[PDB]
Amino acid sequence: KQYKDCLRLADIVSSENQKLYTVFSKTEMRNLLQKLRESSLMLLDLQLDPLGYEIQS
Amino acid sequence: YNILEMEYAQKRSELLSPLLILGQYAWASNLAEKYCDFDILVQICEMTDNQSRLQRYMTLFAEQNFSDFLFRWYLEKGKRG
Amino acid sequence: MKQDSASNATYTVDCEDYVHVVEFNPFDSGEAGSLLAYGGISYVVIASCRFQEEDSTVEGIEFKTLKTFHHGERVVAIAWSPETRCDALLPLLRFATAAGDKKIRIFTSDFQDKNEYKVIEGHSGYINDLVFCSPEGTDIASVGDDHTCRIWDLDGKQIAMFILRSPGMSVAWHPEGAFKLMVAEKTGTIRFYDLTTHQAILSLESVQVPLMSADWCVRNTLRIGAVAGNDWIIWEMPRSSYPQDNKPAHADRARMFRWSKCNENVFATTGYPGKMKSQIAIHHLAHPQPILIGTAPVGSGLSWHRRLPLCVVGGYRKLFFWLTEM
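Protein sequences, first through last, are from chains U, H and Y. Just so you know, we're using the UniProt record's numbering here: the first sequence kicks off at 860 and counts up by one. Just so you know, we're using the UniProt record's numbering here: the second sequence kicks off at 816 and counts up by one. Just so you know, we're using the UniProt record's numbering here: the third sequence kicks off at 1 and counts up by one.
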């Protein structure tokens, strides 16, 4: 239920100190982004913006 | 012509609010569907939770801009999921 | 049959007195807790308001009366100095009030040590509105049912005169301060006076009678909205001399036009509580229908939060808060 960590996985992948972005094909990272979509979705159903702990809108 | 239409619109809106406050769901539905009123049928059909007639009216009024009020009332009722 | 939209206030504060007028700060004074001032026959109260956003120590709403003054008059209008400041050990609060005696009172407070007011000559009739026409709070511009725009110093000496051909209702200082004074008249005209040269630099022309209220966009001084006749209108100066936006404001008699002091596209037009409960309608730019509509048993006075989109109306023993969010 700690989807905030699922979302931090995006930054962990973005780390160019380990360059996790390059080793993803289109389909792989598309599955990853849909997994992130799912993880964001549950917290977002809790009436909280997916950008930060508070609402941005 | 548009002045008459708009003024007619708000006037019967306030005319017709009270028994909507009071209930009488079947008759509200009958009259509102007879004269084609989207939002009122919406808000009644979701405080009755009848998603089925929700789709049936969406199909009926696809050309009548049902979905705008659908998205709106969704937004005010905080089920953005 | 059909029904449009209505709801109960997002927040409500109980009161042992009626609320003739209630207002937040137009500019931030340096306080997280939003200062709120409300007046009546018996009492005029300054307080700090908070609504829960963080911490469980705050539940719902917390309202802390900073101070309450014994009154004996119905408050007509109140204008704080555009110089907003509360960050000191003894913050200094400066504002002007109108009562039923057709007089102007410069009320100043020094935070729990003293509270003073000065006697300033008023209008032959009631003063419709008044602002501080100086970005620090030393000169006061007042307009009333006597078609005279009177500029007074802090002493109560009438600094300047602007003659009108119809009772001047609304006066507005430049929110930032450029000697610009907006004048809104009942026929629907807008006249900009330069306090340095005592002449009009610009004007917006309309004939839709009557004009009830107007408001600059706090984030766009060049954008002006207003309520006239039954409808809210919008100019975008200086490319206008006739209204460029004209959409209905209420099924009710629109009384005040106000801008939300968080955004550049959010405003409110208030309906008149006559026979039926006052309608409150928050609109949006490029969207003619109001985004939100609520119902209040009594509606008198409407304001917007200093930095956030919250619109407030005070009535009989109650104070209603509408939190408009996106």
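Note that CB positions come from ideal geometry on N, CA and C, so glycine has one too.
Check: Do the CB positions of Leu-181 of chain Y and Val-171 of chain Y come within less than 8 Å of each other?
Finding: By one-based count along the third sequence, residue 181 of chain Y stands at place 181. By one-based count along the third sequence, residue 171 of chain Y stands at place 171. Yes, these two residues count as a Cβ contact at 8 Å.
Check: Where does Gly-301 of chain Y land, buried or exposed, given buried means 16+ other C-beta within 10 angstroms?
Finding: Working through the third sequence from its first residue, we reach residue 301 of chain Y at position 301. That one is buried.
Checklist line | the stretch 15-26 of chain Y / the stretch 882-892 of chain H touching (three or more Cβ pairs under 8 Å) | finding: The answer is no - the stretch 882-892 of chain H does not touch the stretch 15-26 of chain Y, with fewer than three Cβ pairs under 8 Å.
Note to self: Using C-beta distances below 7 Å, list every residue in its chain close to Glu-848 of chain H, excluding the 5 sequence neighbours before and after it, in chain order.
What the structure shows: Here the question's residue 848 of chain H lines up with position 33 in the second sequence. So the qualifying residues of the chain are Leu-856.
Checklist line | Proximal chain Y residues relative to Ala-841 of chain H, where beta-carbon distance stays under 8 Å | finding: Residue numbering aside, residue 841 of chain H sits at position 26 when the second sequence is read from its first letter. Correct list: empty, because the minimum Cβ distance to chain Y is about 13 Å.
Margin query: Can you pull the chain H neighbours of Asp-4 of chain Y, defined as C-beta to C-beta under 7 Å?
Written below: The residue you call residue 4 of chain Y lines up with position 4 of the third sequence. The contacting residues are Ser-828.
Next item on the list: Mind checking the stretch 249-280 of chain Y against chain H and listing, in chain order, the residues whose C-beta falls within less than 9 Å of any C-beta there?
Entry: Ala-251, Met-276
Margin query: Quick check on DSSP: helix, strand or coil for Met-821 of chain H?
Written below: In the second sequence, counting from the first residue as 1, residue 821 of chain H sits at position 6. DSSP places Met-821 of chain H in helix when its eight states are reduced to three.
Check: Since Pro-135 of chain Y contacts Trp-80 of chain Y with CB under 8 Å, what's their CB separation in whole angstroms?
Finding: What you label residue 135 of chain Y is simply residue 135 of the third sequence in a count that begins at 1. What you label residue 80 of chain Y is simply residue 80 of the third sequence in a count that begins at 1. Rounded, the Cβ-Cβ distance is 12 Å, inconsistent with contact.
Notebook entry, point to check: Any chance the stretch 121-135 of chain Y sits against the stretch 66-84 of chain Y, with 3 or more Cβ pairs inside 8 Å?
Noted result: yes
Next item on the list: Report the three-state DSSP secondary structure of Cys-149 of chain Y (helix, strand or coil).
Entry: For this step, residue 149 of chain Y is matched to residue 149 along the third sequence. Strand.
Next item on the list: Thinking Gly-271 of chain Y and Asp-252 of chain Y are a contact (beta carbons under 8 Å), I'd like their distance in whole angstroms, please.
Entry: Here residue 271 of chain Y is taken as the residue at index 271 of the third sequence, counted from 1. Here residue 252 of chain Y is taken as the residue at index 252 of the third sequence, counted from 1. That belief holds up - the Cβ atoms of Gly-271 of chain Y and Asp-252 of chain Y are roughly 3 Å apart, short of 8 Å.
Margin query: Just to confirm my understanding: we take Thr-295 of chain Y, look at its own chain, exclude 5 residues before and 5 after, and list those with CB closer than 6 Å. What are they?
Written below: The count along the third sequence starts at 1 and reaches residue 295 of chain Y at position 295. Cβ within range, chain order: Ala-6, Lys-277.
Check: In the DSSP assignment, what are the bridge partners of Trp-80 of chain Y?
Finding: One-based indexing of the third sequence puts residue 80 of chain Y at position 80. For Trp-80 of chain Y, which the question treats as bridged, DSSP gives the partners Y:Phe-95.
Item checked: Beta-carbon spacing of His-71 of chain Y, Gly-39 of chain Y below 8 Å -> Locating residue 71 of chain Y in the third sequence gives position 71, counting from the first residue. Locating residue 39 of chain Y in the third sequence gives position 39, counting from the first residue. Yes; because the gap between Cβ atoms is below 8 Å, this pair is in contact.
Check: In three-state DSSP terms, what is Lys-103 of chain Y?
Finding: Counted from its first residue, the third sequence places residue 103 of chain Y at position 103. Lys-103 of chain Y falls in the coil class under three-state DSSP.
Notebook entry, point to check: Are the C-beta atoms of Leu-819 of chain H and some chain Y residue less than 8 Å apart?
Noted result: Taking the second sequence and counting its residues from 1, one reaches residue 819 of chain H at position 4. No - not a single Cβ of chain Y is within 8 Å of the one on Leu-819 of chain H.
Checklist line | Span of the beta strand (DSSP E), counted from its first residue to its last, around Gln-289 of chain Y | finding: The sequence position of residue 289 of chain Y within the third sequence is 289, counting from 1. Its beta strand (DSSP E) spans residues 287-296.
Note to self: Any beta carbon from chain H within less than 8 Å of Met-1 of chain Y's own beta carbon?
What the structure shows: The residue you call residue 1 of chain Y lines up with position 1 of the third sequence. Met-1 of chain Y counts as touching chain H.
Check: Are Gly-299 of chain Y and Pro-273 of chain Y touching if we call contact CB-CB under 8 Å?
Finding: By 1-based counting over the third sequence, the position of residue 299 of chain Y is 299. By 1-based counting over the third sequence, the position of residue 273 of chain Y is 273. The answer is yes: Cβ separation under 8 Å.
Next item on the list: Consult DSSP for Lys-261 of chain Y and reduce its assignment to one of helix, strand or coil.
Entry: For this step, residue 261 of chain Y is matched to residue 261 along the third sequence. Note: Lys-261 of chain Y maps to coil in three-state DSSP.
Margin query: Assuming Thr-270 of chain Y is part of the beta strand (DSSP E), what are its boundary residues?
Written below: The count along the third sequence starts at 1 and reaches residue 270 of chain Y at position 270. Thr-270 of chain Y -> beta strand (DSSP E) spans 266-270.
Checklist line | Test: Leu-885 of chain H CB closer than 8 Å to a CB of chain Y | finding: Working through the second sequence from its first residue, we reach residue 885 of chain H at position 70. No - not a single Cβ of chain Y is within 8 Å of the one on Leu-885 of chain H.
Next item on the list: Under 7 Å between beta-carbons, which chain Y residues line up against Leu-831 of chain H? List them in chain order, please.
Entry: To locate residue 831 of chain H, count along the second sequence from 1; it is residue 16. Ordered by position in chain Y, the residues that pass the 7 Å Cβ test against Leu-831 of chain H are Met-1, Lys-2, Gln-3.
Item checked: Cβ-based contacts, 8 Å cut-off: residues of the stretch 874-904 of chain U near chain H -> Cβ contacts with chain H: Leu-900, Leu-903, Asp-904.
Notebook entry, point to check: Buried or exposed: where does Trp-842 of chain H fall if 16 or more other Cβ atoms within 10 Å of its Cβ makes it buried?
Noted result: Your numbering for residue 842 of chain H matches position 27 in the second sequence. Here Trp-842 of chain H is exposed, its C-beta having fewer than 16 other C-beta atoms within 10 Å.
Check: Considering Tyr-11 of chain Y, what are the terminal residues of the beta strand (DSSP E) in which it resides?
Finding: The count along the third sequence starts at 1 and reaches residue 11 of chain Y at position 11. Note, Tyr-11 of chain Y: beta strand (DSSP E), 11-14.
Checklist line | First through last residue of the alpha helix (DSSP H) which encompasses residue 395 of chain Y | finding: Residue 395 of chain Y lies beyond the range of chain Y shown here (1 to 326); nothing can be said about it.
Item checked: Buried versus exposed, by CB contacts within 10 Å (16 or more), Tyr-823 of chain H -> Indexing the second sequence from 1 puts residue 823 of chain H at position 8. With fewer than 16 other Cβ atoms within 10 Å, it is exposed.
Item checked: Chain-order list of residues whose beta-carbon lies under 6 Å from that of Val-45 of chain Y (same chain, five-residue window excluded) -> For the purposes of this step, residue 45 of chain Y is taken as residue 45 along the third sequence, with counting starting at 1. For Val-45 of chain Y, the CB contacts under 6 Å within the same chain, skipping 5 residues up- and downstream, are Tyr-38, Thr-65, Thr-68 in chain order.
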